[PDB]
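Each answer follows from the model by the rule given with it, or from the source it names; nothing here is a laboratory result. In this analysis, Cβ positions are derived from the backbone assuming ideal geometry, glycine residues included, and neighbour counts consider all displayed protein chains.
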Amino acid sequence: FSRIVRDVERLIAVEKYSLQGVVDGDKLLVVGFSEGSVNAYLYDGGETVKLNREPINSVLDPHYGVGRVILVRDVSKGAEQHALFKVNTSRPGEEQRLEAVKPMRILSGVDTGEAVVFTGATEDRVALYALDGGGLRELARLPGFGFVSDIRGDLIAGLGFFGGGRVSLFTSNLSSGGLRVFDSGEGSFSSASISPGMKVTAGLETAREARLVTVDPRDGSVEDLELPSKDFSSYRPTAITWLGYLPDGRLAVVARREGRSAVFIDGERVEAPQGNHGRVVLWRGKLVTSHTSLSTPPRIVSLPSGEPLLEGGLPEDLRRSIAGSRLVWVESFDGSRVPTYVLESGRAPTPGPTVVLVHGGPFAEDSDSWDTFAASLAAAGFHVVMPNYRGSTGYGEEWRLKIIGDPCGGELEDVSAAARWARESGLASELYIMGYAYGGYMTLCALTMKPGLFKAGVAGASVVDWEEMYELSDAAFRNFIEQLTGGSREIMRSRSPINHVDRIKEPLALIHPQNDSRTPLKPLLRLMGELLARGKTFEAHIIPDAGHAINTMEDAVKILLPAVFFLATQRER
Amino acid sequence: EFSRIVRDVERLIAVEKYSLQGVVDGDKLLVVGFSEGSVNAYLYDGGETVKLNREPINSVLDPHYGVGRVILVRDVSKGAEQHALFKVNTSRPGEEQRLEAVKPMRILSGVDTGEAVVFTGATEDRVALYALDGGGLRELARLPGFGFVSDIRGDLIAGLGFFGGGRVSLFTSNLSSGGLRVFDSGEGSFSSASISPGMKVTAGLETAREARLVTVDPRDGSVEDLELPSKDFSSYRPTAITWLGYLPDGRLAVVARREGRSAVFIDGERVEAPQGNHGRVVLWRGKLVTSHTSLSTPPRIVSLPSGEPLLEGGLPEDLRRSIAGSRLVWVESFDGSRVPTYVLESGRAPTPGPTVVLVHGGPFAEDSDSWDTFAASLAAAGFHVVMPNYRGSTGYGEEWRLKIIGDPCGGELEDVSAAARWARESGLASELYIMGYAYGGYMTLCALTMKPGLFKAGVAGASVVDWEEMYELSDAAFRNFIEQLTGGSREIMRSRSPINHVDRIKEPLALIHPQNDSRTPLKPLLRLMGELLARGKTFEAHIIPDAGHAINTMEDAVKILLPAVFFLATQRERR
């Protein structure tokens, strides 16, 4: 119990870095989980220079060598009403609030140096904004979640979750605003970047593969892009993580298959460390990207050598607690094969205690990437099983869109099949389910719809009721709920665990930040009322002055520690 | 270094603790002990203990001397305190037989004579006195409220009853025919009872001033002062009487206290005992034996007069050193009253330093020279601890105790607030917190609603939230107890409930609650959370599974205490 705490504390404390871009001539801009919280840093050598004062949540994407940085900070104690703060790179530590932009949920943004363009959600709308020297302007209204991808001159390109689970491309004008929307009949756009020729290069994920295409925003036309080298085409990428034009004109692309990515410059393979990679930037003539894996916390590395510029050195004893890792393909209820990542604990027997750690989203994936949750479970003596249920990214448009109109249906059958495989393959002596957000939704759905499958369940920041959640949701989240549920109230009611509490038979632990604005605490209080009234065994932990997105190490401990305690308790007994 | 906090709390909780219950199986001590992770019943005969029970229990019934069995009381409702009784033959330890004739109810007390199991129990509809012998179960009498079997000699059953206005009556009944006679004092309340050889009832009588021994005839209701051969007891001038009882050789053992410290007396004569507080006294192989505790000493069984231990859970030395000292101080309250207040200085804090006013529950209880796991763990975590005997407290006379009646969230709160003011002005306290369990948790909520700005933050465990809703969910015993404390008026039940004043809260609050608590139920607490949320208040909450008001595993104790200490350490890091 005391050893558990120090392992959790040390795993959360280890330093983690995302690469954001290039600023102040030729210094890398990094977001860093270091020294207590997410902070923004500069790197040119060399030691790090803290730009921000109090903890932040992210930064807007800078154009190359711009001379300032836009911090995004929650000013609502976790409810994700963000304000924007500008920091001049010459005077690090001094912040100026952008008063023209009122508190809203900031979803993304790019800073061109003259203009701050971003997307934001309020109660009454989702919209695309521009803030320049002549004030703030609303450029266009969006149907739902929308993300600024790139700006070149007056052209703004982006990605829109505007209907049916599909991702559109959208453009606008920096000066006159407006909105054009381009929808593919084959699938969904994953990334975007404006070429020198003012077309929009974009990753197009279709049924069971992916490729590069070129969209003309002037007449909506689209054609396949062929690159100088044939390494990208011959890689057979099933998904595209990110793309972007370097300042020297070359197209950097990161693509993946089976939970592992690969870098490509003008179509040609560039050798990077095994795992997954983030955006790519040009720094002092050399290539630089982020790297992570199941055995490697996020870091900044050079390519092609793979030498680290900013690595949080994980301790060796914590490294040894992960005995191994495999990708396996679990047969589900309908013959589909569910790609599933597996960690064996070195501190567990085989067979042994096993947790099916269900990812959120649901448009996300378990990949060869660092997972603090999974890591701490392995240290605590649990094998970890992580199924990419249908709805997951990274295995094609067909697999991803299968969840639409069918929450608590096909995807739950995949999670259940992963649990059955862990038993039958010989890895699992007992089985638990654990998850955060949509993962926590899956915990609740497993315990109500599939009683007896798991021994116990952990449900964090969970979806409880589609109906009441929609009532408390802003414009962005109302729309996203419509898409996933197909818009029918029959689905919203029947697929909500709050309506099936009488069926629960196994211990349940609930963990929830009090000011969560995505999955709100209110319906969870009602769930507790139901569990109490129906004599069900449950545990609950509500975290103060915190929301869905953790940005301190104190808050991370508060949402992860009770979960590991709870599962170690159930194992003892 | 929250990992160090965990292993201090774990180790403090883990230290074995023992209450003395009686003598059985000829001449073997029967002990209840927090041990091996749970509350269990044991035998002791000079060597290793012998576990009688299988799964964890909550208590045992008082055995007559040398009886050849033991009656375990076990919650069979995952903490809601619907108990069933299990009999264990002392020859075959580990084999239990359920007493099916007694349906699940809240078991409040009981004595086993060997032929008959007599007990008090509360159900939804009533509180009553029962007898279970070889010819089945009988209801002997119905009680107005909480009632406790004190002693049985032959056909006579004597006991104590909280039957009206905060006062404690004496009641009798007959084992064979039942019935009920009730005797009330015009001077005060009876605290303990035992039937003499002469079939009268010897009883402690706590008045406004001193406490003293009296002799009640149950046949005509008459009273008189009991004079003893030795006058150490009279000259001790006790302000309260903890326990009394006749030993098998006829001598009257009495434990009496003043200013939070007790003393043993055999036939009026002082018998030396370790400094602190003592439980019941028994005669074991010709020698005297009682329980002992103190602020530096977890409950243990010791011999007298030497004070040598038969069953001590050794409190580690490093944990001992974490308590730098202790005082009794007298805090001036809002009306000139003096509030006797126990104080622990932490060796791991500065002076002035972070300080927690740890408010006891009951409210008919007291902070005394006695082991307190909460207070101890706070000191280890680097907080000074201040523990005020607010009005309503036991141990300082009937007048002080009855002042709370009809006035919850009133005078008593002013005492707790005065203790906080004293910790500041005296120089002990750089910052102030409030923490409490049950009525203590009620006081946390009342301090943060009615006295915003006094404390920096508050911890509220198993707390009273709403007198009105609690009454609706309460069984017969608790409905009556609520009527007594609030004077029965609906205006007091509403106005003195913190749920009606949530808009006034400004400081961080941590709520901790066992889910199946049947004394202070979870339901109104869920509503409290609904109010805190809707009014934008900062709060934290921890609900514990398959647990109730009375903790009986070490896992459950950790879940109820660990989040509190973490929370206060977090607020201290906040400066």
Positions within region A:507-532 being of a type outside the set (A, V, I, L, M) and crowded, with 20+ Cβ neighbours inside 10 Å, in sequence order: A:507, A:512, A:513, A:514, A:515, A:516, A:517, A:518, A:519, A:520, A:523
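From B:47, B:66, grab the single residue that is free of Cβ contacts under 8 Å to residues at least 24 places away in the same chain and away from chain A (no Cβ under 14 Å). Talk me through it step by step, then tell me what you get.
On the way: B:66 fails: free of Cβ contacts under 8 Å to residues at least 24 places away in the same chain.
None of the other options fit; the residue is B:47.
For region A:1-37, give me the residue count where each residue is within 14 Å of chain B (Cβ to nearest Cβ) and part of a strand (DSSP E or B). Even if it seems obvious, please write down each step before you answer.
Let us first name the residues in region A:1-37 that are within 14 Å of chain B (Cβ to nearest Cβ), namely A:1-13, A:36-37.
Subsequent filtering for residues that are part of a strand (DSSP E or B) retains A:37.
Selection size over region A:1-37: 1.
Considering every residue within region A:415-431, establish whether at least one is of a type in the set (D, E, K, R) and within 30 Å of residue A:124 (Cβ to Cβ).
Taking region A:415-431 and keeping what is of a type in the set (D, E, K, R), we get A:420, A:423-424, A:430.
Then keep just the ones that are within 30 Å of residue A:124 (Cβ to Cβ); that gives none.
The answer is no; no qualifying residue exists.
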Residue among B:416, B:465 that is in the same structural domain as residue B:561 (by CATH), buried (at least 24 other Cβ atoms within 10 Å of the Cβ) and more than 21 Å from residue B:571 (Cα to Cα): B:465
Criterion violated by residue A:390 - all others in (1) touching a helix residue (DSSP H, G or I) at 6+ places or on another chain (Cβ under 8 Å); (2) surrounded by fewer than 24 Cβ atoms within 10 Å (Cβ to Cβ) satisfied: (2)
Single unsatisfied condition, residue A:518 versus (1) among the charged types (D, E, K, R); (2) in a loop (DSSP other than H, G, I, E, B); (3) within 14 Å of chain B (Cβ to nearest Cβ): (3)
Residue within region B:481-495 that is buried (at least 18 other Cβ atoms within 10 Å of the Cβ), touching a strand residue (DSSP E or B) at 6+ places or on another chain (Cβ under 6 Å) and either farther than 22 Å from residue B:529 by Cβ or not assigned by CATH to the domain that holds residue B:571 (or both) present: no
In region A:239-270, the residues that are of a type in the set (D, E, K, R) and under 25 Å from the mean Cα position of the chain (by Cα): A:256, A:257, A:258, A:260
Answer residue from region A:554-570, given it is within 25 Å of the chain's Cα centre (by Cα) and at the interface with chain B (Cβ under 10 Å from one of its Cβ atoms) and is farthest from residue A:1 (Cα to Cα) among those: A:554
Residues located in region A:81-108, provided they are crowded, with 19+ Cβ neighbours inside 10 Å and closer than 23 Å to residue A:170 by Cβ: A:82, A:84, A:104, A:105, A:106, A:107, A:108
Scan of region A:305-357 for residues that are farther than 18 Å from residue A:395 by Cβ, outside any strand (DSSP E or B), of a type in the set (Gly, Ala, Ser) and free of Cβ contacts under 8 Å to residues at least 24 places away in the same chain, ordered by number: A:305
Elements of type helices (runs of 4 or more DSSP H) contained in region B:423-496, each with 3 or more residues being hydrophobic (A, V, I, L, M, F, W, C) and under 19 Å from residue B:404 (Cα atoms): B:439-450, B:476-486
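Only one residue in A:551, A:499 is more than 14 Å from every other protein chain (Cβ to nearest Cβ) and within 13 Å of residue A:444 (Cβ to Cβ). Which one? Give the steps one after another, and end with the answer.
Details: A:551 fails: within 13 Å of residue A:444 (Cβ to Cβ).
Exactly one of A:551, A:499 is more than 14 Å from every other protein chain (Cβ to nearest Cβ) and within 13 Å of residue A:444 (Cβ to Cβ), namely A:499.
Scan region B:15-37 for residues that are surrounded by fewer than 18 Cβ atoms within 10 Å (Cβ to Cβ) and closer than 28 Å to residue B:320 by Cα and report the count.
Step one: list which residues in region B:15-37 are surrounded by fewer than 18 Cβ atoms within 10 Å (Cβ to Cβ), which gives B:16, B:26-27, B:36-37.
Checking the rest, the ones that are also closer than 28 Å to residue B:320 by Cα come to B:16, B:36-37.
The number of residues fulfilling the criteria is 3.
Please enumerate the residues belonging to region B:170-210 that are of a type in the set (S, T, N, Q) and more than 25 Å from residue B:364 (Cα to Cα).
B:173, B:174, B:176, B:177, B:196
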Qualifying positions in region B:239-282 - on the phi < 0 side of the Ramachandran plot and outside any strand (DSSP E or B): B:239, B:247, B:248, B:249, B:251, B:272, B:273, B:274, B:275
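From the list A:111, A:150, A:74, which one is among the acidic types (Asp, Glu), surrounded by 21 or more Cβ atoms within 10 Å (Cβ to Cβ), within 21 Å of residue A:473 (Cβ to Cβ) and touching a strand residue (DSSP E or B) at 6+ places or on another chain (Cβ under 7 Å)?
Values: A:111 fails: within 21 Å of residue A:473 (Cβ to Cβ); A:150 fails: within 21 Å of residue A:473 (Cβ to Cβ).
A:74 is the lone residue from the list that is among the acidic types (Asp, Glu), surrounded by 21 or more Cβ atoms within 10 Å (Cβ to Cβ), within 21 Å of residue A:473 (Cβ to Cβ) and touching a strand residue (DSSP E or B) at 6+ places or on another chain (Cβ under 7 Å).
Please determine whether any residue of region B:533-544 is among the β-branched types (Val, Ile, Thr), at the interface with chain A (Cβ under 7 Å from one of its Cβ atoms), closer than 21 Å to residue B:467 by Cα and buried (at least 23 other Cβ atoms within 10 Å of the Cβ).
Checked region B:533-544: at least one residue is among the β-branched types (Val, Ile, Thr), at the interface with chain A (Cβ under 7 Å from one of its Cβ atoms), closer than 21 Å to residue B:467 by Cα and buried (at least 23 other Cβ atoms within 10 Å of the Cβ).
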